[PDB]
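Here is the structure we will look at, set down as structure tokens.
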There are 2 protein chains.
Amino acid sequence: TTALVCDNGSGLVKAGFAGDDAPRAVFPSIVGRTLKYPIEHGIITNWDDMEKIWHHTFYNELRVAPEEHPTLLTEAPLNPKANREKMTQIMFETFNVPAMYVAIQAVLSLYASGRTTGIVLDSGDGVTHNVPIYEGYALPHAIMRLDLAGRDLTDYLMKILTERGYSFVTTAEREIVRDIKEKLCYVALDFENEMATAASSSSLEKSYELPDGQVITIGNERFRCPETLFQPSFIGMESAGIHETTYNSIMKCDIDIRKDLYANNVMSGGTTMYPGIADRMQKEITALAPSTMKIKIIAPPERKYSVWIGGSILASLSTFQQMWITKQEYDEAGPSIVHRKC
Amino acid sequence: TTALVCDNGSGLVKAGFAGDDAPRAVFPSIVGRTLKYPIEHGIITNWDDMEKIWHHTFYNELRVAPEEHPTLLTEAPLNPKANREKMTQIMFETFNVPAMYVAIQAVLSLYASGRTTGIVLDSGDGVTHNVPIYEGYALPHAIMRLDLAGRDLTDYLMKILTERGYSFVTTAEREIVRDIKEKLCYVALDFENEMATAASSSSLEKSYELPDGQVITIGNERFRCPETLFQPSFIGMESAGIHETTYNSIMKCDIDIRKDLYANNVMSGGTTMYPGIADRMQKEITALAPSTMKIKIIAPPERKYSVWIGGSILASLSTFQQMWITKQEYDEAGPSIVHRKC
Ligand SMILES: Nc1ncnc2c1ncn2[C@@H]1O[C@H](COP(=O)(O)OP(=O)(O)NP(=O)(O)O)[C@@H](O)[C@H]1O
Ligand SMILES: Nc1ncnc2c1ncn2[C@@H]1O[C@H](COP(=O)(O)OP(=O)(O)NP(=O)(O)O)[C@@H](O)[C@H]1O
Ligand SMILES: C/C1=C/C(=O)O[C@@H]2C[C@@H](CC[C@H](C)/C=C\C=C\CC1)O[C@@](O)([C@@H]1CSC(=O)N1)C2
Ligand SMILES: C/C1=C/C(=O)O[C@@H]2C[C@@H](CC[C@H](C)/C=C\C=C\CC1)O[C@@](O)([C@@H]1CSC(=O)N1)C2
Ligand SMILES: C[N+](C)(C)CCCS(=O)(=O)O
Ligand SMILES: C[N+](C)(C)CCCS(=O)(=O)O
Ligand SMILES: [Ca+2]
Ligand SMILES: [Ca+2]
Ligand SMILES: [Ca+2]
Ligand SMILES: [Ca+2]
């Protein structure tokens, strides 16, 4: 009688029960044979492996029988119709869930901010999306996708620390650098100024303690790493930055709702957790938009879990109860019911 | 009967004869006891040493008897009255010149561009000035001085190459790095973009051959070095950059002539020889000025020698012949004649 909420990400699975303020279980989306990531850039690409992960969610992490709880899952924006159907098939026929639904992650994040209209920036471990949303529906022609997120940043941080004399190379060491990224990296309001402070003084330098007790210093790397979000060619990508893509996204929208989009930039996901990221987005967006445009960036403290929380909220909504797909419905109709409904 | 033109700089002496398109002699402003630079930041600070240099100019470089040629000398903008008088005293009483004059360097550069009104940027080896000029006279309340020029850049280039694995440390090696600076450095139109090209590809890398035959590669250093002109805090200076100081200089001027200043940015001196420096000044000045402002940067090809050439031109002008101070005048009046005249 309690709904489950399962948020499948490229790097982390967020799972728990609808009606809770936070997921009870957060764990890595990996299977080992060497580690495989069954979710690449927000999309499921190995189904056997994904089954093992959902099997782990039910029986190990949450400790519930799947056939007893309606289950709300999440999908990346622009997730192919065929992918969504396979997900539905696995849930009802492998796991015997009594009901389910598949929600778009970035919309859930918007709901968690107490909003139904806005433009979300959702940046995770494997993909970055700009998702314009009007009255609860994502506008698919205007969604932007950037294949650059936290894992790319971490690798970049491994590369640039190497040029300071450190040798971070192994996949175990990649975990240590992810940790440094999360404790020590921030977004410079102005990249040049920051490089010049760091060139001429030690005021931005931080110490980090390694597992074995050794202490190292990191400098301009702190902000050079997440700077790649605004200038992706730092790792050889031609794409525009997250500021430009927010702008391009808003511009693919009907002029009537663009003011509301600009006033409602919601940030979502672990890779939007960099201190200073909101002030830099404000400043960058300002520079591209018309002079009179009211620009607002909302960055909730709990935005590592926004998608999950939006799910918890939706699953609990009286209005949403009519939208669950029941096993009866599915076994009667066919995997198509996941259109004229979801 | 031929006038001499002697342009005394922090690093190089430019000397020759009025009526010529170029100085016949260019040589370093040094005395050795260890090398001393008798001119610090454009100002003469050792007089015995300066006498040796002028003695070298007359007898070794130019091969003329001083008592036979009117001699035009140059001074930094804002050169103290007392300094100018000592110069005059040495010329007439140590060297027995039959006539002389002391001209402001940055005005000469303006004249060499065929102009009497404009704002000069004069950047040498030891000092950088912004000099607003209206109808032939420098406006002293509006002159900006920056203690950052080519020698500072070269040292900075020695420091940053060291962090790439090279060890440029000795004063002999400092000459090699000055040479690299002059053959290989340029000004990025956009610093960030350039850092990102250089981080992700080898397309800005250049080879340089050392005297002993070894070949080295230099990368982002090419534009990181002269970038210090626009962002001086890269070497721990709080001053504004050459773009900001041009702006601040123009703003200390009467509103009536500011349009003419903006339309007439003349660049002068070796440190304005960086490829791309004119486009970057255009762009930076544009960003600070009002939207409607006609901005123009004039960068003559011969601007390493503009000061000298302006001197050659002035010394040859029929209008200027009344302005020479003769030895007769001086021996009659006193070193003050260098006001109600010069
Ligand atoms: N404080 C922090 N600062 C910067 N990055 C962080 C921080 N905390 C977590 N992250 C990054 O957030 C990423 C995972 O966040 P999450 O929003 O769960 O992505 P996900 O859903 O697994 N991947 P995606 O499929 O791209 O949505 C990892 O790369 C983390 O390193
Ligand atoms: N192609 C070039 N690119 C960059 N810098 C250059 C180039 N050629 C010469 N320079 C620099 O120009 C400086 C000397 O130029 P110059 O205009 O003669 O200065 P100066 O009069 O001796 N010094 P100052 O007293 O500051 O005017 C040296 O630092 C050179 O390295
Ligand atoms: C606290 C934590 C957060 C996390 O996000 O882990 C996820 C998943 C993790 C799986 C691989 C490691 C060995 C398995 C152990 C995990 C413990 C959870 C680690 O690989 C990431 O590190 C990748 C690699 S480097 C990066 O930036 N993303 C993201
Ligand atoms: C072609 C050339 C140009 C020049 O500008 O020399 C001047 C004067 C020079 C004097 C010291 C050396 C050893 C003496 C030899 C000179 C030959 C002329 C050198 O020291 C500079 O190099 C300084 C130091 S490093 C720099 O950036 N400015 C500028
Ligand atoms: C304000 N902001 C966090 C963006 C920059 C501060 C740099 S630091 O954290 O003090 O090193
Ligand atoms: C155009 N400008 C000279 C400023 C930059 C070109 C860089 S490079 O000389 O081709 O390496
Ligand atoms: Ca996610
Ligand atoms: Ca780019
Ligand atoms: Ca000079
Ligand atoms: Ca500064």
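The chain as shown is numbered from 1 upward.
The backbone N, Cα and C atoms fix where each Cβ goes, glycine too.
Features of the protein shown, as given by Swiss-Prot:
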MOD_RES   A:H41  tele-methylhistidine
MOD_RES   A:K52  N6-methyllysine
MOD_RES   A:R145  ADP-ribosylarginine
REGION    A:78-91  region 'Interaction with alpha-actinin'
REGION    A:326-338  region 'Interaction with alpha-actinin'
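Positions of the features from Swiss-Prot, shown on the structure.
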{"residue": "A:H41", "record": "tele-methylhistidine", "Cβ contacts under 8 Å, 6 or more apart": "A:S10, A:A76, A:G126, A:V127, A:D147"}
{"residue": "A:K52", "record": "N6-methyllysine", "Cβ contacts under 8 Å, 6 or more apart": "A:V31"}
{"residue": "A:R145", "record": "ADP-ribosylarginine", "Cβ contacts under 8 Å, 6 or more apart": "A:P77, A:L78, A:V127, A:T128, A:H129"}
Next on the checklist: DSSP-wise, what's the residue breakdown of the region 'Interaction with alpha-actinin' (A:326-338) into helix, strand and coil?
Outcome noted: 10 helix, 1 strand, 2 coil
Item to check | For A:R145 (ADP-ribosylarginine), the three-state class that DSSP assigns | outcome: strand
Next on the checklist: DSSP on the region 'Interaction with alpha-actinin' (A:78-91): how many residues come out helix, how many strand, how many coil?
Outcome noted: 11 helix, 0 strand, 3 coil
Next on the checklist: Taking the 28-residue hole in the deposited chain, the Cα-Cα distance from A:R33 to A:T34 is how many Å?
Outcome noted: 6
